[PDB]
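Data block below; observations after.
Just so it is clear: chains get the letters A, B, ... in the order the sequence lines come, proteins before strands, and each one is counted from 1. In what follows, every heavy atom counts, from backbone to side chain, and hydrogens, waters and symmetry copies are set aside.
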Amino acid sequence: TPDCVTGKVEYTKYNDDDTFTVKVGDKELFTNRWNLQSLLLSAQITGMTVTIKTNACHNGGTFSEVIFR
Amino acid sequence: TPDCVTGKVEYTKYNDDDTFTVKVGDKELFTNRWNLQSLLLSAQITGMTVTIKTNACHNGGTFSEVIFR
Amino acid sequence: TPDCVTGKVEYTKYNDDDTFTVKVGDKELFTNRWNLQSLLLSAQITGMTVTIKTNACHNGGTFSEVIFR
Amino acid sequence: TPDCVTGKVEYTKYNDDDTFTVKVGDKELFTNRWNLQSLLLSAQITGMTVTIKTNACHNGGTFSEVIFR
Amino acid sequence: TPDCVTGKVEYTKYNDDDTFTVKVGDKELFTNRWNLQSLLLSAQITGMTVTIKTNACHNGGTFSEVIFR
């Protein structure tokens with residue numbers, strides 16, 4: 001899957017539909033994977049660099065693959 | 001959903017009905033989303049600025065949307 | 001419900017019946033709410049001041065309401 | 001349940017069966033309590049001293065009661 | 001289960017099939033145990049040494065047993 005954005009997690013958002021948004025690089029993207037919520041907030045808090053890979057690489061686009069570096 | 005309040009989490013409260021209350025800005029708001037409890041306590045502990053988004057923007061109002069910065 | 005004790009968590013204990021005990025101020029109290037276990041351990045580790053609210057405000061009293069500050 | 005051993009968690013072992021071995025002081029002890037399992041991991045991650053309470057205080061002994069200090 | 005690799009977690013990856021991959025030593029290994037995800041990211045974050053035990057000890061192999069040190 002192509003890299004979409006890489007960078008520290010700028011901010012995150014818990015959404016009303018229970019999905020979870022991250023702003024990384026130039027994009028907000030959201031995931032419907034419950035498991036990723038804790039992981040991504042941890043990554044935000046600790047300032048980890050993450051790479052979000054998705055074919056739907058647009059603002060508001062969906063993702064389910066993350067590399068934590 | 002419009003922003004309701006933004007600030008550090010002044011305190012949180014675990015309620016007898018197992019809902020979870022946050023005090024942010026000038027409002028106590030509560031959520032019954034279990035996923036949010038650990039996210040909100042982490043945001044409080046680490047001193048994140050959160051924005052609670054809700055249409056019940058008044059004391060005692062319910063919410064299910066949060067930005068963590 | 002009335003405040004019972006306020007202070008840092010002195011220690012916590014996971015009990016054989018799967019309830020969870022905290023010591024705050026001069027009182028040892030316990031809760032049967034699963035949700036509170038990780039929250040209370042996190043409060044303890046991070047040095048948060050908690051207020052345990054309960055009408056059973058005595059050693060061995062049960063509680064299900066906590067303010068984390 | 002009497003004290004068995006007090007110390008920092010030397011290692012934790014998540015087993016195939018999903019049981020959870022912990023080594024504290026010179027004792028390797030197993031527990032089947034999933035929640036207690038994740039509290040121990042948090043304790044080890046953050047450097048907490050714990051007291052494992054059990055009558056079966058030998059390698060391979062079981063427990064279900066811990067004091068997090 | 002026999003030892004596969006021992007080392008710090010170099011990076012981790014959340015996969016589209018909801019399994020989680022760790023790079024330790026010269027191996028990428030993945031697990032389907034949800035519970036291990038947070039613990040493995042934590043080990044990565046804190047620089048903990050892990051020992052992954054599996055018979056599938058080869059790049060891309062699966063695992064379900066870990067010792068956190």
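- At a heavy-atom cut-off of under 4.5 Å, chain A is reached by E:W34, E:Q37, E:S38 from residues 28-39 of chain E, listed in order of number.
- Within the model, atoms CG of E:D18 and OG of A:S64 stand 7.5 Å from one another, a figure rounded to the nearest 0.5 Å.
- The closest donor-acceptor contact from the side chain of A:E65 to the backbone of E:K13 lies at 3.5 Å or more, if one exists at all.
- Looking at E:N15, the atoms closer than 4.5 Å to chain A (heavy atoms on both sides) all sit in the backbone: N, CA, C or O.
- The distance from the CD atom of E:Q44 to the OG1 atom of A:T46 is 8.5 Å, given to the nearest 0.5 Å.
- Using a 4.5 Å heavy-atom cutoff, the side chains of A:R69 and E:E10 are not in contact.
- Residues A:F63 and E:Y14 are not in side-chain contact: their nearest non-hydrogen atoms beyond the backbone lie 4.5 Å or more apart.
- Annotation: side chain of E:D16 is not in contact with side chain of A:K53 (no heavy-atom distance under 4.5 Å).
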